[PDB]
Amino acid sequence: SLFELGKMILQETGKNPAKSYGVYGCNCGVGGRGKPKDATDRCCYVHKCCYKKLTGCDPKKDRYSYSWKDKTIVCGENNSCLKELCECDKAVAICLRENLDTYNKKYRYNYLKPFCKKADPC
C-alpha cells in the first residue's frame, strides 16, 4: 500500500515521502518511468520496474504486514504477490536511504516529467 511505502521511506530517509519524492526527477511519484536524473531517481525507476512485475495484486491499495528487527525491515509472509511487493517497497526505501547525499532539490518538483527521455522496458 501507498501508506506502508510512505512509512518505510519516512523511517529510512527521514524525509516526508510525498514532498521530497512525490514529483522527483523522471521516475519518482506520479507518472511513469523515464531517463533517471540521479541515483535517487534510479531507485524510483527500479521500484516502478519492480511494480511492473507484480501480476495479481494492487501496489497502491493492497496492504501488507511488515516488522522491524533492529534496523532491518522484515517482510511478513502473505502470498508471493504481496511478499514481492513489500520487498519492492523495502528495496526502494533502502535505496533512497543509501543515496541521500546525492539527493538534489532541483529535481524535486519536475514539472517537465512528460518531457523526460524514453526508458527501457525493465
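Rigid core (definition): largest C-alpha set, two forms, superposition within 1.5 Å. Residue indices: 1-based, along the sequence shown.
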query	finding
Comparing 31 to 39 and 67 to 75 where Cα RMS over structures and residues is taken in 6 other deposited structures of this protein (core fit), larger one	67 to 75
Average Cα temperature factor in the PDB entry - higher stretch of 60 to 68, 92 to 100	60 to 68
Which of 105 to 113 and 17 to 25 has higher mean CA B factor, as the PDB entry lists it	105 to 113
Ranked against its chain, the third holding the CA B-factor of residue 47	lowest
For residue 2, the third of its chain into which the C-alpha B factor falls	middle
Ranked against its chain, the third holding the CA B-factor of residue 41	lowest
Ranked C-alpha temperature factor of residue 30 among modelled chain residues, by third	lowest
